[PDB]
Amino acid sequence: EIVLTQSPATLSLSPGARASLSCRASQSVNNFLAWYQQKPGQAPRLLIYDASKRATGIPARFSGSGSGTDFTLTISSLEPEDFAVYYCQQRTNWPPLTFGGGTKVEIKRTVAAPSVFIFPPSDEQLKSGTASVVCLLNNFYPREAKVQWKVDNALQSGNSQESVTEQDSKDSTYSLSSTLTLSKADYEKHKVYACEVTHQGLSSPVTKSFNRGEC
Amino acid sequence: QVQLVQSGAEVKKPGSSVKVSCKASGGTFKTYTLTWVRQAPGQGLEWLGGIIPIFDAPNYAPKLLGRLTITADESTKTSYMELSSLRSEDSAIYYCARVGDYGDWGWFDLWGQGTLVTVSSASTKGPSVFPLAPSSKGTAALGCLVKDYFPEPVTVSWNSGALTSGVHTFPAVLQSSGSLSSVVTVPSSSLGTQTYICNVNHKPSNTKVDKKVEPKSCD
């Protein structure tokens, strides 16, 4: 079939800067190519059709170009609203009318190290049979961050779930929670519980930890 | 003026069928120009099906394997999307839309509001909220853990709204069976003085758990 490739998947740009977004087609779609914008919480919005034509009511800072196989969406100067996800779509008479995987445009800011907190499971929860251990990384940039859970110095794998906030509107940072869930029986079999955070703003991994049962 | 109104959210067991509707309010266009698209949580858009102008009947995404049907009722300006034999993967937001050059200044671009369809062999359940006590061991962090729930929109407030600065409420995760957490940053000095309380206002289960968070002590 016809495959559309959007590389890079994340563009990190300063407010005000020029944004160039690429779309590559597995075979020639001529000029039958559309661009959409999608902001959080909303249906997508059509920006460009026939590779280079601006859709009605779309501001002049958006423009499309290319034909055949390679395509560019350009935003000549990002406004705050322009930091969202962009998708291309092939518009031929050959279904399916595939979308590319999307490119997210994010604010590029200076590196900011995470603050790390670890929360032991509550006594409330332990009465219920499960132990949740929460590790929090607060207000960091960039988004890439590795948290490795260690239980009595043993690396925990396939055992926790991460979750990440959208880029904050005030200071353009991210926050992340990692949650290790053991059953209460399994929890009481061990003593030292630790999450270990590596990030570009840290010269060395940060480790937060507690011994089960201590204040 | 012209709008596309879609059916409300649906929860469906695996192997069953769902039928989502899309009604065009204004306008005088043909209902069969309506296309369906979907977006799984945190994923891109996927084209489901619709009528390419050179043909007379809908084409569908081949990976669906024939489980999808799109039907237009001209009488009522309603397009129906029916997806049978629901897989876990079909859980997504489903969008009805009219995009293209059909014959009125530029391309038409009109989208429905979306319809969340959730598929799983799970069943509904209200959540209990466990405190995340600030360590007594500057800036302190404290929070509320909201675990083992189903019906999606679990709203969280802090201090009944009087606290908003520094709050982070994380997007939910799905465990191998069955969680959300919310945290807030505070000055260490306010601990004990200012009383922090989180408000989970789970609207489907009729759950109104208002949990207070305090620092944990010894013996």
# chains A, B, ... in the order shown; residues from 1 in each chain; ligands from 1
>>> closest_atom_pairs(of="chain B", to="chain A", cutoff="9 Å", atoms="only C-alpha atoms", output="CSV")
residue,atom,partner,partner_atom,distance
B:43,CA,A:101,CA,8.2
B:44,CA,A:101,CA,5.6
B:45,CA,A:99,CA,6.4
B:46,CA,A:99,CA,6.4
B:47,CA,A:98,CA,6.0
B:48,CA,A:96,CA,7.7
B:49,CA,A:96,CA,7.2
B:50,CA,A:95,CA,8.9
B:52,CA,A:93,CA,6.1
B:53,CA,A:93,CA,7.6
B:54,CA,A:93,CA,7.0
B:55,CA,A:93,CA,8.8
B:59,CA,A:95,CA,6.6
B:60,CA,A:96,CA,6.6
B:61,CA,A:96,CA,5.4
B:62,CA,A:96,CA,7.6
B:95,CA,A:43,CA,7.6
B:99,CA,A:46,CA,8.0
B:100,CA,A:49,CA,8.5
B:105,CA,A:56,CA,7.5
B:106,CA,A:56,CA,6.1
B:107,CA,A:55,CA,6.4
B:108,CA,A:55,CA,8.5
B:109,CA,A:46,CA,6.2
B:110,CA,A:45,CA,8.3
B:111,CA,A:43,CA,6.4
B:112,CA,A:43,CA,7.3
B:113,CA,A:43,CA,6.5
B:114,CA,A:43,CA,7.1
B:129,CA,A:125,CA,8.8
B:130,CA,A:125,CA,6.3
B:131,CA,A:122,CA,6.5
B:132,CA,A:119,CA,6.0
B:133,CA,A:119,CA,7.0
B:134,CA,A:119,CA,7.7
B:135,CA,A:119,CA,7.6
B:136,CA,A:215,CA,7.8
B:137,CA,A:215,CA,8.3
B:140,CA,A:117,CA,8.9
B:141,CA,A:117,CA,7.2
B:142,CA,A:119,CA,8.4
B:145,CA,A:134,CA,8.7
B:168,CA,A:165,CA,7.4
B:169,CA,A:165,CA,7.5
B:170,CA,A:165,CA,5.6
B:171,CA,A:163,CA,6.2
B:172,CA,A:163,CA,7.2
B:173,CA,A:163,CA,7.0
B:174,CA,A:161,CA,8.7
B:175,CA,A:161,CA,8.1
B:180,CA,A:163,CA,8.7
B:181,CA,A:177,CA,7.8
B:183,CA,A:136,CA,8.5
B:185,CA,A:138,CA,8.7
B:216,CA,A:215,CA,7.7
B:217,CA,A:215,CA,6.9
B:218,CA,A:215,CA,6.1
>>> select_by_dssp(residues="region 2-89 of chain A", states="strand (DSSP E)", output="JSON, numbers by chain")
{"A": [4, 5, 10, 11, 12, 13, 19, 20, 21, 22, 23, 24, 25, 33, 34, 35, 36, 37, 38, 45, 46, 47, 48, 49, 53, 54, 62, 63, 64, 65, 66, 67, 70, 71, 72, 73, 74, 75, 85, 86, 87, 88, 89]}
>>> residues_around(residues="residue 198 (chain B)", least_positions_apart="4", cutoff="9 Å", atoms="only C-alpha atoms", output="ChimeraX atom specification")
/B:143-144,156-160,182,209-213
>>> select_by_dssp(residues="chain A", states="helix (DSSP H, G or I)", output="PyMOL selection string")
chain A and resi 80-82+123-127+184-187
>>> write_last_selection(atoms="C-alpha atoms", output="mmCIF file, in the first residue's frame")
data_model
loop_
_atom_site.group_PDB
_atom_site.id
_atom_site.type_symbol
_atom_site.label_atom_id
_atom_site.label_comp_id
_atom_site.auth_asym_id
_atom_site.auth_seq_id
_atom_site.Cartn_x
_atom_site.Cartn_y
_atom_site.Cartn_z
ATOM 1 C CA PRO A 80 1.923 29.682 20.904
ATOM 2 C CA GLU A 81 -1.089 27.897 19.377
ATOM 3 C CA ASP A 82 1.079 26.235 16.727
ATOM 4 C CA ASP A 123 -1.166 1.931 55.385
ATOM 5 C CA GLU A 124 -4.633 2.459 53.885
ATOM 6 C CA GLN A 125 -3.659 0.577 50.749
ATOM 7 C CA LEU A 126 -1.839 -2.220 52.541
ATOM 8 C CA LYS A 127 -5.074 -3.143 54.332
ATOM 9 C CA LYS A 184 1.250 -6.863 49.895
ATOM 10 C CA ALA A 185 2.607 -10.399 50.313
ATOM 11 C CA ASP A 186 5.312 -9.676 47.737
ATOM 12 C CA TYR A 187 6.007 -6.244 49.287
#
>>> residues_around(residues="residue 57 (chain B)", least_positions_apart="5", cutoff="12 Å", atoms="only C-alpha atoms", output="ChimeraX atom specification")
/B:32-35,49-52,69-72
>>> residues_around(residues="residue 16 (chain B)", least_positions_apart="4", cutoff="9 Å", atoms="only C-alpha atoms", output="PDB file with N, CA and C atoms, in the first residue's frame")
ATOM      1  N   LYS B  12     -18.235  -1.553  25.568  1.00  0.00           N
ATOM      2  CA  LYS B  12     -18.676  -2.764  24.894  1.00  0.00           C
ATOM      3  C   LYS B  12     -17.729  -3.905  25.234  1.00  0.00           C
ATOM      4  N   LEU B  83     -19.035  -1.452  13.677  1.00  0.00           N
ATOM      5  CA  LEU B  83     -17.844  -2.283  13.816  1.00  0.00           C
ATOM      6  C   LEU B  83     -18.197  -3.494  14.664  1.00  0.00           C
ATOM      7  N   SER B  84     -18.101  -4.684  14.077  1.00  0.00           N
ATOM      8  CA  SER B  84     -18.417  -5.935  14.767  1.00  0.00           C
ATOM      9  C   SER B  84     -17.153  -6.685  15.185  1.00  0.00           C
ATOM     10  N   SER B  85     -17.350  -7.695  16.034  1.00  0.00           N
ATOM     11  CA  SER B  85     -16.281  -8.537  16.589  1.00  0.00           C
ATOM     12  C   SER B  85     -15.173  -7.685  17.203  1.00  0.00           C
ATOM     13  N   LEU B  86     -15.560  -6.870  18.178  1.00  0.00           N
ATOM     14  CA  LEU B  86     -14.648  -5.895  18.762  1.00  0.00           C
ATOM     15  C   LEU B  86     -13.413  -6.561  19.371  1.00  0.00           C
ATOM     16  N   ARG B  87     -12.232  -6.138  18.896  1.00  0.00           N
ATOM     17  CA  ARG B  87     -10.939  -6.403  19.531  1.00  0.00           C
ATOM     18  C   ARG B  87     -10.566  -5.259  20.463  1.00  0.00           C
ATOM     19  N   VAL B 119     -13.464  -0.978  24.522  1.00  0.00           N
ATOM     20  CA  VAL B 119     -13.730  -2.414  24.462  1.00  0.00           C
ATOM     21  C   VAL B 119     -12.829  -3.150  25.460  1.00  0.00           C
TER      22      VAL B 119
END
>>> closest_residue(among="B:20, B:163, B:184, B:92", to="residue 79 (chain B)", atoms="only C-alpha atoms")
B:20
>>> atom_distance(atom1="CA of residue 26 (chain B)", atom2="CA of residue 7 (chain B)")
17.1 Å
